[PDB]
Amino acid sequence: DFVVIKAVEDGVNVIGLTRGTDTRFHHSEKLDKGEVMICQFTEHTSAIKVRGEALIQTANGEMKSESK
Amino acid sequence: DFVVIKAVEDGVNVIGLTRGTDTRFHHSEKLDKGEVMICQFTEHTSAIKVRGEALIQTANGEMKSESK
Amino acid sequence: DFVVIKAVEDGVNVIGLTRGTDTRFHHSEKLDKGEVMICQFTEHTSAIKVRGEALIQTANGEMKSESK
Amino acid sequence: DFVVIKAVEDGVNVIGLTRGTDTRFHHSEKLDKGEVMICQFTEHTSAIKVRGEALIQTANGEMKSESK
Amino acid sequence: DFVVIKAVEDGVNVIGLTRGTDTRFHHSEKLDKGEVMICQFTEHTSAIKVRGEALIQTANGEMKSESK
Amino acid sequence: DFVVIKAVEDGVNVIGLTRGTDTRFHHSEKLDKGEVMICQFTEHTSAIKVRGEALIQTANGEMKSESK
Amino acid sequence: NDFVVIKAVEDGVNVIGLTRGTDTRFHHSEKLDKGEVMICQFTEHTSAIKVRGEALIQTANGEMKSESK
Amino acid sequence: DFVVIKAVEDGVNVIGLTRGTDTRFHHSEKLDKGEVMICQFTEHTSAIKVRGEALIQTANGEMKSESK
Amino acid sequence: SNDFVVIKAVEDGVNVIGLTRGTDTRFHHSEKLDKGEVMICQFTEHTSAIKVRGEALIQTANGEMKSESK
Amino acid sequence: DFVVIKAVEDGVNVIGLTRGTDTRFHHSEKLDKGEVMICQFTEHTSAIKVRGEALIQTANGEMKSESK
Amino acid sequence: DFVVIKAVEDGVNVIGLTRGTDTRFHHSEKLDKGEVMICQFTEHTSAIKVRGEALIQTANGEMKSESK
Ligand SMILES: N[C@@H](Cc1c[nH]c2ccccc12)C(=O)O
Ligand SMILES: N[C@@H](Cc1c[nH]c2ccccc12)C(=O)O
Ligand SMILES: N[C@@H](Cc1c[nH]c2ccccc12)C(=O)O
Ligand SMILES: N[C@@H](Cc1c[nH]c2ccccc12)C(=O)O
Ligand SMILES: N[C@@H](Cc1c[nH]c2ccccc12)C(=O)O
Ligand SMILES: N[C@@H](Cc1c[nH]c2ccccc12)C(=O)O
Ligand SMILES: N[C@@H](Cc1c[nH]c2ccccc12)C(=O)O
Ligand SMILES: N[C@@H](Cc1c[nH]c2ccccc12)C(=O)O
Ligand SMILES: N[C@@H](Cc1c[nH]c2ccccc12)C(=O)O
Ligand SMILES: N[C@@H](Cc1c[nH]c2ccccc12)C(=O)O
Ligand SMILES: N[C@@H](Cc1c[nH]c2ccccc12)C(=O)O
């Protein structure tokens, strides 16, 4: 399973959270206005956090996030 | 199987429950207004609880969380 | 294979019965009004009982549970 | 797979029958009005029986069991 | 795969036939009016026979067994 | 995969043919009017023949046979 | 392993099975009389099926008919 | 996967092609008007060719072949 | 579930070419199809790419396609 | 999965990129007006580049490339 | 799983982020206007980033990227 993320505005952050007993930030990808990121769930990433104004697509539909 | 969760307002709390014989929360991710989280059921998480005002998506359809 | 449970009122319990020759209650997750709980069937949970008023989602459609 | 059972009246019984060369009632889960039970077919259970007024959801469709 | 059976009238027989070289009924399960039986194909049951007035659901459609 | 067979009148025979090098009948299941049979293909049965007036359902739809 | 449904609309329908392997040849012909229905699988021994006679045929790939001769 | 081939006329040829480094026909099944042939791809058959006026069916839909 | 291709030759002179799987890529066989003949073939341990020349009707799980000659 | 590429003009090139740590072209297949190439992702090809004017069909829909 | 990317502007940038504990780009493939790149997630690429104006296709539908 993967998630699609389009940055509608500057400052969007695609954060990865560690898989396992411990849960913490292990990476944050900065997406500029109009950039798109397609990312999977991996051995290392069992959860993903999105901040900023962005369009999101998953196998389970579409979603929106806003800044501030 | 993954769950998508949108924080409609501040105070949304995404909680993970341990897999196996015992059942406790091992993690709580708090989302601010607009932040989106996408998490899987995993080796360590077999049940998930959503607290606060949130939009929720699973393979089984959409659902809304209510705070208080 | 998961079940989604939104509690329509306070005092809602999501009970888990054990897998194996024996069938007994091993845990009860209390849900306050508006709280949503997504949970799986597991090596330890092979059946689930929902007591109280709530909205239920499975791959096999939707169901509602009434309080006493 | 799994079967969803919603007791529409008090005294709805959900019996588990043993898998294997022997066929026996190995457990009886009593359901009262409103309560909902989602249960699987397992190593130990290959056939399920339902007595009482209840709503039933499987993959093959919906079904109803009468009381008396 | 599983078969959903609901007895329309009393004394319905759900007959399991043996998997393997030979073919005899290893079991007969009586369902009373309004009761519902859900049973799988198993290591021991490769054929099932319904005798009496009952409603039948499988993945391949719906069918009715008749009294006399 | 399995076959569903309803006897439209007395004298319906569900015949199983041996899987493997040989091809002979190893069992005939006599179905009376109104009865329903649900059989799989198996390590012992790789071909099934129906004789008499019956309604049949498979994952490929429905089909009827006529007697005499 | 997909199967084939066959109903004989008339008398003298043959359901032939051809051997699986490097050699291809008939190993069995099942006679179906009018109205009879046969449902057969593809097996270790049978990789090809031949239908002779007027019959109705059902596979995962749709419906088909056959005529005598 | 399997092919379904119906001869619309006499002179229909169902040709089997060899799996492996080499590619040549190892069998030619001759079909007369009205006859139907269903055949799989196999350890020995990784391609099939149809000659003659025939009606063909595959998972990718239908197709007619013309003789000459 | 090992995918396959369906190819019907609209006119004569149709070639169904098979390219090799592995480090290298070359034609290891060309099947000539003539007007009206149909060919269904799989990708395999030896065939991972297929090139079609001439005028034909093509069918795959991803839809339909036509090819022209010249 | 696999890709269908239909050359709409002369000078169509279908390029395969290497799978593994290193990413580089390992082949380029020319296509002339009218020709159709059908190709798989493989052990050696994990990325595919299409240059020129062509029609493209994937499991994720159609797409048209242009030349110049 | 694979991603389809058509460039609507010269110098489009398709970036592959490394699979594993560390997340950095191991490759940047350029696409000029009209060119199409079809690529997979691999043992080495667990996340993809698109920079520049382009059409993007995935199993989860369509998405556009904008440059600047
Ligand atoms: N190196 C990361 C790449 C990754 C995938 N999904 C992500 C989500 C957020 C941040 C990084 C990622 C991994 O393989 O796990
Ligand atoms: N470390 C947790 C991360 C996690 C995934 N899904 C979750 C849901 C809620 C809380 C934490 C999580 C895990 O891999 O299991
Ligand atoms: N620790 C429990 C968590 C659980 C999953 N599903 C449930 C249903 C009810 C109660 C608890 C649960 C388990 O892994 O099985
Ligand atoms: N311990 C039983 C619980 C069970 C599952 N499904 C059931 C249906 C009816 C009664 C009991 C059950 C089991 O794992 O098999
Ligand atoms: N012990 C039997 C119980 C059973 C399952 N499905 C059935 C259908 C009919 C009769 C009995 C059964 C079995 O596991 O096979
Ligand atoms: N003993 C038989 C039972 C059976 C299954 N399907 C059938 C069809 C016809 C006759 C018998 C059967 C078997 O396991 O193979
Ligand atoms: N003994 C045969 C039964 C069979 C299956 N499919 C058939 C088609 C035609 C004739 C016989 C059959 C076999 O296993 O192969
Ligand atoms: N022995 C051949 C029979 C066969 C199957 N499919 C075919 C298609 C064409 C010709 C022959 C065949 C094989 O298994 O491969
Ligand atoms: N012997 C070839 C047969 C083949 C299958 N598909 C093809 C496409 C083109 C040419 C030959 C073929 C192979 O197994 O690979
Ligand atoms: N030898 C190459 C053939 C190939 C398959 N798909 C392709 C796409 C483009 C170029 C070449 C190819 C391979 O096995 O991988
Ligand atoms: N060698 C790379 C090729 C690749 C696949 N998908 C990509 C996406 C972007 C950049 C490169 C790639 C790999 O297999 O992973």
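Above this text sits the structure in question.
Rules and cut-offs
Residues numbered from 1 in each chain as written, not as in the entry; some residues may be left out. Chains lettered and ligands numbered in written order. Heavy atoms only, no water. Near = heavy atom within 4 Å. Polar contact = N/O pair within 3.5 Å; in protein donor to acceptor, adjacent residues only side chain to side chain. Areas by Shrake-Rupley, 256 points an atom, 1.4 Å probe, with all protein chains shown as cover. Nonpolar A, V, L, I, M, F, W, Y, C, P; charged D, E, K, R; others polar. Contact = heavy atoms within 4.5 Å. Buried area = accessible area lost by both parts, 1.4 Å probe. Salt bridge = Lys/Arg side-chain N within 4 Å of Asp/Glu carboxyl O. Helix = DSSP H or I, 4+ residues; strand = E, 2+ residues; numbered from the N terminus. Pairing = 2+ DSSP bridges.

Undergrad: How should the site of ligand 11 be read in this particular structure?
TA: Inspection of the region around ligand 11 gives 15 residues, with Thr18, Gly20, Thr23 and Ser46 of chain J together with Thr42 of chain K positioned closest. Each of chains J and K places residues near ligand 11. Within the backbone of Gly20 of chain J, one N or O atom sits 2.8 Å away from a nitrogen atom of ligand 11. In this structure, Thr23 of chain J approaches ligand 11 through a side-chain N or O atom, which is 2.8 Å from a nitrogen atom. The protein chains hide 100% of the 360 Å² of surface that ligand 11 would expose on its own. Its residues placed into classes, the shell around ligand 11 shows three nonpolar, 10 polar and two charged.

Undergrad: Help me understand the site of ligand 7, please; the structure alone is not making it clear to me.
TA: Ligand 7 sits among 14 residues. The nearest are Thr18 and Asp22 of chain F together with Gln41, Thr43 and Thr46 of chain G. Side-chain polar atom of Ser46 of chain F to an oxygen atom of ligand 7: 3.0 Å apart, as the coordinates give it. Alone, ligand 7 offers 360 Å² of accessible surface; in the complex the protein occludes 100% of this. Looking at the shell around ligand 7 residue by residue, the classes come out as two nonpolar, 10 polar and two charged.

Undergrad: Before we go on, may I ask you to explain the interface of chain G and chain F in this structure?
TA: One widely used convention gives an interface's size as the accessible area the parts lose upon coming together. At the interface, 23 residues of chain G touch 25 residues of chain F. Of the roughly 2100 Å² buried at the junction of chain G and chain F (both faces included), carbon and sulfur atoms supply 53%. At the junction of chain G with chain F, the criterion picks out four salt bridges. Its salt-bridge partner being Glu36 of chain G, residue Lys49 of chain F comes within 3.8 Å of it at the nearest N-O pair. Elements with a contribution of two residues or more to the side of chain G that touches chain F: β1 (3-8), β3 (26-32), β4 (37-41) and β6 (55-59) of chain G. A breakdown of the residues in the side of chain G that touches chain F according to their chemical character gives nine nonpolar, nine polar and five charged. Pairing analysis gives four bridges linking strand β5 (residues 45-51) of chain F to β4 of chain G, with the strands arranged antiparallel. When the bridges of β4 of chain G are listed, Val50 of chain F appears paired with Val37 of chain G.

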